[PDB]
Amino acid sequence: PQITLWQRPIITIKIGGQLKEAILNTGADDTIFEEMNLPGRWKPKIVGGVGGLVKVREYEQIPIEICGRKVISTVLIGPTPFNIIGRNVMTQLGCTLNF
């Protein structure tokens, strides 16, 4: 699809089988969601996204469906004021900014 930027680009996606809102954030290197359960194993990680260092849980191999497309991705769970889809997933999606 083609997402306009008149509004915040917040879409409903299905992440690890659950429906969530998230913003497509080209300023974000990684994908980070607020506390929720994801399937499988995780490892703790320190990241700098995006207001101080934070400890997050990193889950690899997470199925995400976004606007009809399915990817398998690394997702961080921790303190974030918004759920954020970042460039790691956007690259997997083939997403570009076009003008």
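Quick note: we count residues from 1 along the sequence shown, nothing fancier.
Undergrad: Averaged over C-alpha atoms, is the B-factor higher for 25-33 or for 40-48 in this PDB entry?
TA: Higher of the two, by average CA B-factor, is 40-48.
Undergrad: Looking at the C-alpha B-factor of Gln61, is it in the lowest, middle or highest third of its chain?
TA: CA B-factor rank for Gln61: highest third.
Undergrad: Quick one: classify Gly86 as lowest, middle or highest third of the chain based on its Cα B-factor.
TA: As the PDB entry reports it, the C-alpha B-factor of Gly86 lands in the lowest third of its chain.
Undergrad: Taking only the Cα B-factors deposited for this chain, tell me whether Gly16 sits in the lowest, middle or highest third.
TA: Its C-alpha B-factor, which the entry lists for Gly16, ranks in the highest third among residues of this chain.
Undergrad: Among the chain's modelled residues, which third holds the C-alpha B-factor of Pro9?
TA: Ranked within chain, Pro9 CA B lands in the lowest tercile.
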